[PDB]
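S.K.:
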Amino acid sequence: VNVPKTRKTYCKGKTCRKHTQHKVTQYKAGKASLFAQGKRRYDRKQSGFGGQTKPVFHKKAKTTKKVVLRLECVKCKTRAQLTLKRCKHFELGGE
Amino acid sequence: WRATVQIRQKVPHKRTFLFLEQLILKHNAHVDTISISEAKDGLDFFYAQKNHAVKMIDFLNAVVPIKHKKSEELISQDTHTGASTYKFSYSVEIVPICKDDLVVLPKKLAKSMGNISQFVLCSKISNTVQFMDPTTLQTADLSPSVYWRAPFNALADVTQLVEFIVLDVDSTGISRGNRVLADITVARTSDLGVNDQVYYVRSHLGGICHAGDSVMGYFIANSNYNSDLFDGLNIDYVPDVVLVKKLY
Amino acid sequence: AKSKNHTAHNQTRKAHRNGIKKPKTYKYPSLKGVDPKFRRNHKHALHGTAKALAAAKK
Amino acid sequence: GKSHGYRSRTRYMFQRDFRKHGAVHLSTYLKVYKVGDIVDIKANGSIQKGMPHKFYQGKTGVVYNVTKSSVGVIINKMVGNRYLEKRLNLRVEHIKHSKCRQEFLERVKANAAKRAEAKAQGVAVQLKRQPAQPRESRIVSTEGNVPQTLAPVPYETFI
RNA sequence: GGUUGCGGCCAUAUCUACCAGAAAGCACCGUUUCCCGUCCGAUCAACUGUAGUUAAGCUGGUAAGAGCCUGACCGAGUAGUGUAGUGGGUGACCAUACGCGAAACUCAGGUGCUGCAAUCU
RNA sequence: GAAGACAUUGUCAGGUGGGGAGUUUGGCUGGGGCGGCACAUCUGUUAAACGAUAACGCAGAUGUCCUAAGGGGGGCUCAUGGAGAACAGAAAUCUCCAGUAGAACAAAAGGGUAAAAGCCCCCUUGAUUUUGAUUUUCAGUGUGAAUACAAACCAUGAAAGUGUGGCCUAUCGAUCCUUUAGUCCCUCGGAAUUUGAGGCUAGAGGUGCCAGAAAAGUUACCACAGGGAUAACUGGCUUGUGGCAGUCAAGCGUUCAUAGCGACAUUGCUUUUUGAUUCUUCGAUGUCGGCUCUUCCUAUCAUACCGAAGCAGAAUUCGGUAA
RNA sequence: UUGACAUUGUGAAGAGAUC
RNA sequence: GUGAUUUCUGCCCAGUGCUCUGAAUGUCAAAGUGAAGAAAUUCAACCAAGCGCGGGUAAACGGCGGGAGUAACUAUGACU
RNA sequence: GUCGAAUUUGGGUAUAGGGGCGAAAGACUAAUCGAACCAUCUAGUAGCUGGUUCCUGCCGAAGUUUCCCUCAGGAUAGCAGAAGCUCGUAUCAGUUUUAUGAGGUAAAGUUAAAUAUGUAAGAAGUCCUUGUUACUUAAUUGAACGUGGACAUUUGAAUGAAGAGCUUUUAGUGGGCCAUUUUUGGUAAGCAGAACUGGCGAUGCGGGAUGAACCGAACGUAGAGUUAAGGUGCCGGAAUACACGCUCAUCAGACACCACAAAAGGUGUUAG
RNA sequence: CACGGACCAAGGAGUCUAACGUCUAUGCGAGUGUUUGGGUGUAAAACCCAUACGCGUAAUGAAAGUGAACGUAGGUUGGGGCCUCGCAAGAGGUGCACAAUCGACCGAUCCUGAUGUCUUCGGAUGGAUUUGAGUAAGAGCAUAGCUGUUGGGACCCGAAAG
């Protein structure tokens, strides 16, 4: 699909609480970040003997992901998240 | 009917074209048939005896990379002779990757042949599926046997292409046979006029391209993918534009 | 080894054993769903009219 | 496979009444519904917002809630062996009054009149409704009307 | 009673062919400087009520007219259907008993009704 | 004698390793297998005028598409036909009539829509924020989709009003783990600081077997617990077929419908065809054929006696009673 | 089958900015 | 692995396998290494063998088709 | 069959259980071999088969919904029992009537039944009178709830009501089958799938000779009386009754379900 | 014409327990439970008892934390019973439990943000179609019994295996 690079929506900053202009960019994953509790645990149970102790998921079906938008308030720098329906093409651009 | 051959593409929907070619490639090899009844994913063939359903597949391998399974249903037997009458159903299944679509091979597959890349376009489909480096211009092929061992699926359909218009080309030579490796500037057909962009792309098909001519390709920056083989490679090794096929 | 899947036979007959009991509806029904704006005022309407007699009743 | 939708199998059900198509007439919106009124639900197939499910066609309910474009409706729905009390949100295109209350109030007032009238008339009210009785006696008069003898009639082809 | 503005149900109000309308009111009609809108003051806009024509709009009348609508011991107690029988019939289906009860077609009449506000010899 | 801080030895690490070990190798299903998706869904129908209603019933569709195809407002009228204009033709473009929708409305089907819900323009982001009530499938649980308000803040329009995505009916997802936003809050428990990690609130990453395991074959060497809830095998029912007998005679036969026939078809019979179903039997009715031997049926091959011929005799042919 | 650490001490050459 | 003798053992190294006096600058863990940080730590390079690359191999497992033409009635079809 | 050699055999000896040995058959390894034998873990686990021990009284089902790697099984709701609880003129009801909606099947050729279906027929009512509010209004005007006053049993239609409501708690079941009136798949079926009601399963009794379901009727122990459905020549309890006709059958006919018969023939016989 | 049963006698199958739900009886009752132990005794009994501890009397959030009366512990509809009048019928007064319903109170989440202050701490006040297994003149604790569930060999018997 196609979406703007800009939106005026309701912003809650404790400063704003009104419709303000935002800057749209597309959300992405973020680093795996070891030392996470669930990774520290999973590192331990995988140690030793007994092979793979946890399920390995081969069952994918979906051919797309939902699309999450990242709205920064141009004024008070606060942020929001907002989610579009599934689509095969996405651009935050123009044309 | 004493035999039935059942063929399924199992894709959304891209292979509805080539089943037309099968009937053409069924037409050369002659033998004998009774009926044909489509299924959502393909044809059902019905034959006399069991002997023609063998010849149907024997010639079905050389054209297309299929695996085949068999069952039986015995409708009766004459208890004097011991003879048996069965209805033999051959279920044939094809690789769900259609010529000139964007594939991401699993790392184990990649480095078992030439250590080819992860991004590949499926050049041609025959008794083996052939794969082509879009940039590196290296050749590899996946035999039908080895595909069914680990069943990966194509990343993007041939129906996902967008139109491109070629500003200029720069050739590095290289090509082995039949091919010309070259480097090209390209702008999207809709994108060219109203703002601008130029995607400088290293591609195959460098002798075929006349300046300003139209070419189809996958534009990956816009394309959203949920594949797993895609999230795991890397994001700095993927070309943003993969040039596929030219318009005449 | 197929089964017998659906039937409605006997279900209407089981239904009338204890037999289709009624709302048991009450005076003063629940104000669930009533207009919040009407319902806010209705608080203070009753709130005031109770104290209305607290001036008379003493 | 089988399909059970929200509006499934309503083909003839929401149709618009041949030569009644088009825009809704404007006494529909001039009608004032109150809490305690009894109303009949007939869907209007042209107005999609606020439109009841195909179970509530023709069902009759009471108004517990009045709001901007819509009204509240309490229905009694049979599920299993019991009746559940349903609350519904419907726009006034899909509602109208049921005249049984208009006719009921007409008889309540007449009954008030007759009694208070009969309060100076020395009772003997007879204020119920009684079923059609067996018809009392009478004398026909054959004078001017002579019994006409009829008999069954023979068969014929007439083809 | 005519006429206008705003309506109520939305053909008894529609459609088709002809004809008449006094006063009053609508309307056609004149103009392009300002408001404003167009390929084009035709549409819309603004200006005069002066200079004109009731020709069309519109209101009314007519019509063994198509349409619509109301009524008929009109089709018809007909078709259909609920209940009942150790009824009939090889069968398909059909009578009888207690009940309910139609429709097109035909025929006959009807061809807008009305609310608030002003207005006219 | 040779060898020498290398081999060896110990401990980690990558790779190789059916030589070996442990385990698995979906579901419904007119047996099981293949196929399919009736496994999550949507429309018409099957459905017998409220609602409800099954089959591997029938016709199709769904995993997407859209910053407009969302929202508000304004102006306008479609399909099609008719009559006119250089090139211009069966259609280009222009103009006037008639035109109840025969068009269009992202897609399947059905509903809906005419100063619109369509066509064309103009402005915009309500496809926002906080969360509760309600309907639907239903246990009146979850998910999905929706309905009507409330508290804010906004778009449009002169304004009434209208809009919480798509005119309406489908287009989708738990726990655990990872991650992001939010307040800039809570905890790290001997007391503090900075990193780190963990919480509360709201999103996303996926389970299509769609209330959601992480999973290849094979046995003709086979095993167990069971099943006639279920196949092969007799029987039972049906007769599609198979095979047999009438009725009308369009017609072959030198002419001649019935000496001898029958096509079109229609009416029946048959359990020595093949099937369909799955009623009895899997804590067993010993499965093919022949050999041996008895008996019954008639739908008569021979023999008996008859009727018929287009029967001279001879011969043969059709029927009759007859087992 | 390979790498690293330990067994493991004594020191020379020649290339690579350790072999 | 084949199965006395006699007589022969055709073509095929693309796949799978085995092998290599072969080569490159791809990928590669642990340790060491360099950087950033107050530290936990993060990252960046480097790296063996193995695979990747190239060669040999069928008395290794194994395979030995399809589409065409072309010799004096048809037709056979040595060959391209 | 072989019988001078890859022969036959005694004793000693070595090889032991995921092992041994095999001129190979998954052969042999103490009547045991596709993993021996013996003890323990072991009363291994079983959603699967079988069994489950005394009487009598009162009550009495289900084979259906939703979800499950769910389909020979469970959870859930329904049916059921038991314990009662607050109450008692009383709200109800597998029913009609009046009043009023919705429907789009049969017939009709857009119209529109029959049977089923929603609501109402009063006290939680009606009419008046004057209070409250921060919602609503241009507004002492509405909305919602109230104060004071008034109208009681023909109080607002029929009939009925071994009383109305309320809660807790738990068993079994979750294979159904048949007939009627409709109906899809199938050529049809004692076939498969639905819709309504009634039955069988769980139920004897009288009749259909016989039979789970058909007709009559449901059951404490008896006595008499009267009947149901079916019958009344004899077996067989009850008329070899009465009345009026038809049929002669070198295979007559005899009572529903039901244990079947056709097209059409016949100077057979009667009546139109 | 499915399975077991030739016959007879004797054995032979829903038990115990740990932890709980409902129900009932009993003692006390804002409490309750003597028995781990000590004193004692006719000696595994019975009798007597200090300290604690368990449940209960306070809920709510992840947590840091905070913590139940605007009022005769409120109002409205209905309510057994009692009281007043009346010959009675019935009306009026009061109305426990209990059902409905709207409020007030405590906690959590979002919003407001006072006199005040180590100038970012403090959190008064006032809200809200929000949320809780809460308050609103306590009812639980102990033992016993029926029935039900979970773990155990688990009503009895039975595998192929490991």
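Protein chains in written order, with the entry's author numbering: chain o, 2 to 96; chain w, 155 to 402; chain b, 2 to 59; chain T, 2 to 160.
All C-beta atoms in this analysis are idealised placements derived from N, C-alpha and C, irrespective of residue type, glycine included.
Considering w/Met-210, what are the terminal residues of the alpha helix (DSSP H) in which it resides?
M.R.: For the purposes of this step, residue 210 of chain w is taken as the residue at position 56 of the second sequence. That run of the alpha helix (DSSP H) goes 205-217.
S.K.: Measure the CB-CB distance between o/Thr-65 and w/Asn-307 and report whether it falls below 7 Å.
M.R.: Residue mapping note: residue 65 of chain o aligns to position 64 of the first sequence, counting from 1. Residue mapping note: residue 307 of chain w aligns to position 153 of the second sequence, counting from 1. For o/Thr-65 and w/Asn-307, no; Cβs fall outside 7 Å.
S.K.: Per DSSP, o/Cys-74 forms a beta bridge with which residues?
M.R.: Stepping through the first sequence from its first residue, residue 74 of chain o is reached at position 73. Looking at the DSSP assignment, o/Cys-74 forms a beta bridge with o/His-23.
S.K.: At least one CB of chain o closer than 7 Å to the CB of w/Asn-388: is that the case?
M.R.: Working through the second sequence from its first residue, we reach residue 388 of chain w at position 234. Not an interface residue.
S.K.: Could you check if w/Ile-270 is buried or exposed, using at least 16 other CB atoms within 10 Å of its CB as the buried criterion?
M.R.: Locating residue 270 of chain w in the second sequence gives position 116, where the first residue counts as 1. Buried is the call here.
S.K.: Is it buried or exposed for T/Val-154, if we count other Cβ within 10 angstroms and need 16 for buried?
M.R.: Counted from its first residue, the fourth sequence places residue 154 of chain T at position 153. Exposed, because fewer than 16 other Cβ atoms sit within 10 Å of the Cβ of T/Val-154.
S.K.: Taking only the alpha-carbon atoms, compute the straight-line gap between T/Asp-41 and T/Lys-60 and give it to the nearest angstrom.
M.R.: Walking along the fourth sequence from the start, residue 41 of chain T turns up at place 40. Walking along the fourth sequence from the start, residue 60 of chain T turns up at place 59. About 6 Å.
S.K.: Label w/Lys-168 either buried or exposed according to how many other C-beta atoms from any shown protein chain fall within 10 Å of its C-beta, with 16 as the threshold for buried.
M.R.: The residue given as residue 168 of chain w occupies position 14 in the second sequence. w/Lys-168 comes out buried.
S.K.: For the alpha helix (DSSP H) containing w/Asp-345, name the first residue and the last one.
M.R.: Walking along the second sequence from the start, residue 345 of chain w turns up at place 191. Run containing w/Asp-345: 345-348, per the alpha helix (DSSP H) assignment.
S.K.: Closest to w/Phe-213 by CA distance: which of w/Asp-345, w/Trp-302 and w/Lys-180 is it?
M.R.: Position 59 of the second sequence, counting from 1, holds the residue named residue 213 of chain w. Here the closest residue by C-alpha is w/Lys-180.
S.K.: For the beta strand (DSSP E) that w/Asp-337 lies in, which residues bound it at each end?
M.R.: Numbered from 1 along the second sequence, position 183 holds the residue referred to as residue 337 of chain w. Note, w/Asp-337: beta strand (DSSP E), 335-342.
S.K.: Per DSSP, w/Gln-231 forms a beta bridge with which residues?
M.R.: For the purposes of this step, residue 231 of chain w is identified with residue 77 of the second sequence, where counting begins at 1. BP columns for w/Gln-231 point to w/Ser-238.
S.K.: May I have a chain-ordered list of the beta strand (DSSP E) segments no shorter than 3 residues that lie completely inside the region 115-150 of chain T?
M.R.: Qualifying beta strand (DSSP E) stretches: none in this window.
S.K.: In the DSSP assignment, find the alpha helix (DSSP H) that holds w/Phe-173 and state where it starts and stops.
M.R.: Residue mapping note: residue 173 of chain w aligns to position 19 of the second sequence, counting from 1. That run of the alpha helix (DSSP H) goes 173-182.
S.K.: Let me check understanding here. Comparing Cα to Cα, which of w/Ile-279, w/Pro-305, w/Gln-272 and w/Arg-303 lies closest to w/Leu-291?
M.R.: Numbered from 1 along the second sequence, position 137 holds the residue referred to as residue 291 of chain w. If we check each option's Cα against that of w/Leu-291, w/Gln-272 comes out closest.
S.K.: Compare the Cα-Cα distances from w/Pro-250 to each of w/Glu-175, w/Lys-262, w/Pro-305 and w/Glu-192 and report the closest residue.
M.R.: Within the second sequence, the letter at position 96 stands for residue 250 of chain w. Taking only the C-alpha atoms, the option nearest w/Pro-250 is w/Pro-305.
S.K.: Whether or not the region 38-45 of chain b and the region 2-21 of chain T are in contact is what I'm after, with contact meaning three or more pairs of Cβ atoms, one per stretch, closer than 8 Å; do they touch?
M.R.: No: the two stretches stay apart, fewer than three of their Cβ pairs being nearer than 8 Å.
S.K.: Hey, is the region 223-233 of chain w in contact with the region 366-377 of chain w, meaning 3+ C-beta pairs nearer than 8 Å?
M.R.: Touching, no.
S.K.: Using CA coordinates, which residue listed in b/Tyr-27, b/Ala-16, b/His-17 and b/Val-35 is at the minimum distance from T/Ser-71?
M.R.: Start at 1 with the first residue of the fourth sequence, and residue 71 of chain T comes out as number 70. If we check each option's Cα against that of T/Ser-71, b/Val-35 comes out closest.
S.K.: What do you get for T/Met-79, buried or exposed, if any count of 16 or more other CB atoms within 10 angstroms of its CB means buried?
M.R.: Within the fourth sequence, residue 79 of chain T is the residue found at index 78, counting from 1. Result: exposed.
S.K.: For T/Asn-77, name the three-state secondary structure that DSSP assigns.
M.R.: As a first step, residue 77 of chain T is located in the fourth sequence; it is residue number 76 there, counting from the start. Strand.
S.K.: Should the region 7-22 of chain o be regarded as contacting the region 51-65 of chain o, the criterion being three or more beta carbon pairs within less than 8 Å?
M.R.: The region 7-22 of chain o is not in contact with the region 51-65 of chain o.
S.K.: Below 6 Å CB to CB, which residues in the same chain sit around w/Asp-337 once its five sequence neighbours on both sides are set aside?
M.R.: Residue 337 of chain w sits at position 183 when you count from the first residue of the second sequence. Correct list, in chain order: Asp-324 and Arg-356.
S.K.: Under three-state DSSP, which class holds b/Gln-12?
M.R.: Position 11 of the third sequence, counted from the start, is the residue given in the question as residue 12 of chain b. Here b/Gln-12 sits in helix by DSSP.
S.K.: Does DSSP classify residue 162 of chain T as helix, strand or coil?
M.R.: Shown here, chain T extends from 2 to 160; a query on residue 162 of chain T therefore has no answer.
S.K.: Using a Cβ cut-off of 8 Å, pull out every chain o residue sitting near w/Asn-281, in sequence order please.
M.R.: For the purposes of this step, residue 281 of chain w is taken as residue 127 along the second sequence, with counting starting at 1. Those do not exist, as w/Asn-281 stays about 28 Å from chain o at its closest Cβ, beyond 8 Å.
S.K.: Is there a Cβ of chain b sitting closer than 7 Å to that of T/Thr-11, yes or no?
M.R.: The residue given as residue 11 of chain T occupies position 10 in the fourth sequence. Answer no: the Cβ-Cβ gap between T/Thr-11 and chain b never drops below 7 Å.
S.K.: If we count the other Cβ atoms within 10 Å of its Cβ and call it buried at 16 or more, is w/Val-258 buried or exposed?
M.R.: What you label residue 258 of chain w is simply residue 104 of the second sequence in a count that begins at 1. So w/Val-258 counts as buried.
S.K.: Whose C-beta lies closer than 8 Å to the C-beta of o/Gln-47 among residues of the same chain, with five residues either side of it excluded?
M.R.: Taking the first residue of the first sequence as 1, we reach residue 47 of chain o at position 46. The residues are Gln-53, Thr-54 and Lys-55.
S.K.: Answer with buried or exposed for w/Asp-390, where buried requires no fewer than 16 other C-beta atoms within 10 angstroms of its C-beta.
M.R.: Looking up residue 390 of chain w in the second sequence gives position 236. With fewer than 16 Cβ atoms within 10 Å of its Cβ, w/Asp-390 is classed as exposed.
S.K.: Check distances from the C-beta atoms of the region 15-29 of chain b to those of chain T and list, in chain order, the residues that come in under 9 Å.
M.R.: Flagged, chain order: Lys-15, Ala-16, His-17, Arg-18, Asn-19, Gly-20, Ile-21, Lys-22, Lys-23, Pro-24 and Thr-26.
S.K.: Would you say b/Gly-34 lies against chain T (beta-carbon separation less than 7 Å)?
M.R.: Within the third sequence, numbered from 1, the residue matching residue 34 of chain b stands at position 33. Chain T, which has a Cβ nearer than 7 Å to the Cβ of b/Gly-34, makes this yes.
S.K.: So T/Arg-88 contacts chain b; which residues on that side make the cut at Cβ distance below 9 Å?
M.R.: Here residue 88 of chain T corresponds to residue number 87 of the fourth sequence, with the count starting at 1. Residues of chain b passing the Cβ test: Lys-33 and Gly-34.
S.K.: Name, please, each residue of chain w whose Cβ falls closer than 8 Å to the Cβ of o/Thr-65.
M.R.: Translated into positions along the first sequence, residue 65 of chain o becomes position 64. Residues of chain w passing the Cβ test: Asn-378, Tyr-379 and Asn-380.
S.K.: How should T/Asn-66 be labelled, buried or exposed, when 16 other C-beta atoms within 10 angstroms of its C-beta is the threshold for buried?
M.R.: For the purposes of this step, residue 66 of chain T is taken as the residue at position 65 of the fourth sequence. Looking at its Cβ environment, which holds 16 or more other Cβ atoms inside 10 Å, T/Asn-66 is buried.
S.K.: Under the three-state reduction of DSSP, which class applies to w/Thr-290: helix, strand or coil?
M.R.: For this step, residue 290 of chain w is matched to residue 136 along the second sequence. Coil.
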